[PDB]
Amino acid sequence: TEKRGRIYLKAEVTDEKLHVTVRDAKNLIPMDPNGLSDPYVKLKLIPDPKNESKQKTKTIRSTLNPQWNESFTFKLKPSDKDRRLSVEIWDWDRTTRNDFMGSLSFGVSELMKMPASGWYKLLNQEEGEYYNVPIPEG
């Protein structure tokens, strides 16, 4: 429930391809000494034991309201029926390990049946691997 902010994204599956658009995020949590963060988004299909599926947006420095406007494509295989699209926002740090900011996920089979679109509530790191929470209300 902790206020980690929100992210706007689209995710849909067409002809065995998963297309994801990471638009923007709002009200992220300060994670740097200067009171801001340097956010980027990591996308993966999990589980990913070999660590082969990772894609990420650019890092946007010094903001809590990043606008990435980036799109990504994943080629799907039959085994992806048991997988989830994981979306994690991280804070890039120059002098320390990067900080986790917030996350969420979508089942691949669930996206096939209905694309994701709109604002989603950011969850904690464990939480985010399991579900998502749309915020259609505002």
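Residue numbers here begin at 1 and follow the sequence given.
Between the stretches 107-115 and 65-73, it is 107-115 that shows the larger average CA temperature factor. Mean CA B-factor, 51-59 versus 24-32: the higher value falls on 24-32. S86: CA B factor in the lowest third of modelled residues in this chain (values from the PDB entry). Placement of the Cα temperature factor of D80 within the chain: highest third of the modelled residues, per the deposited record.
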